[PDB]
Structure formats: structure tokens, C-alpha cells
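Novice: following this: a sequence and the matching experimental structure.
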Amino acid sequence: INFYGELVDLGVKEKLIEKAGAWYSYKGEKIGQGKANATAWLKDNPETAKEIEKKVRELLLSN
């Protein structure tokens, strides 16, 4: 489940994926293009892959 499609769509919209328009980036390592490899680096990122949903889930968790 997780996501990686709405997640990148939530961060790039929130602030988890830093991107210059097409190339995406992450809080540590470029993730890959926005659609060609946005969550691909997030695909093998089980280490932070949770921090994504959380960076967004906690983005307003205690709102």
C-alpha cells in the first residue's frame, strides 16, 4: 500500500520531494525524475519510505 504516487504528490505539494519541475529530490538523495523516478528512489527507500507518509502524516498530525 504505502503510495509513492500520492506520497510524492503529497510532498512535492507539501514538501517531502524537492524538485526543479521534472527532476525530483529527497531530504538526503535525489529521488529521480518526478514521474520517471520520483518514488523510484523512494521505491527502494524502506529506510525513509515511512518518513515520507509520516513527513506528510505528521505534517498536520498535531495540527
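Specialist: Yep, that arrived. Numbering: from 1, shown residues only.

Novice: ok, the residue most central in space within the chain - contacts?
Specialist: For the chain, the residue nearest the mean C-alpha position is residue 8 (4.0 Å; Cα atoms, centre = their mean). Taking Cβ atoms under 8 Å, 6 or more residues apart in numbering, we find residue 8 in contact with 16, 17, 24, 31, 34, 38, 39, 42, 52. Backbone N, C-alpha and C define where each C-beta goes, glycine included.

Novice: surely the fourth one and residue 48 touch.
Specialist: Put plainly, it is residue 31. No - using Cβ atoms under 8 Å, residue 31 is not in contact with residue 48; the gap is 9.7 Å.

Novice: more neighbours, those two?
Specialist: Set residue 31 next to residue 48 and count neighbours by other Cβ atoms under 10 Å: residue 31 wins out with 29 against 17.

Novice: distance check, that one against residue 21.
Specialist: 14 Å (Cβ to Cβ, to the nearest Å).

Novice: identify the farthest-apart pair in the contacts of residue 8.
Specialist: Based on Cβ to Cβ, the longest span within the contacts of residue 8 runs between 34 and 52 and measures 14.3 Å.

Novice: give me the more crowded residue out of the two.
Specialist: residue 52 (25 against 19).

Novice: mind checking the SS state of the more buried one?
Specialist: Three-state call for residue 52 (DSSP: H, G, I helix; E, B strand; the rest coil): helix.

Novice: so what's it up against?
Specialist: Contacts of residue 52 (Cβ under 8 Å, 6+ apart): 3, 4, 7, 8, 11, 16, 42, 45.

Novice: cool, and residue 49?
Specialist: Counting by Cβ under 8 Å, 6+ apart, residue 49 has contacts 2, 4, 42.

Novice: doesn't residue 41 make contact with the second one?
Specialist: No - counting by Cβ under 8 Å, no contact exists between residue 4 and residue 41, whose distance comes to 10.0 Å.

Novice: what segments of this protein are helices?
Specialist: Per DSSP state H, the chain carries helices over the ranges 7-11, 49-57.

Novice: reformat those helices as TSV; add distance to residue 63.
Specialist: Formatted as TSV, the helices of the chain follow (distance: least, Cβ to Cβ, whole Å):
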stretch	distance to residue 63
helix 7-11	15
helix 49-57	11
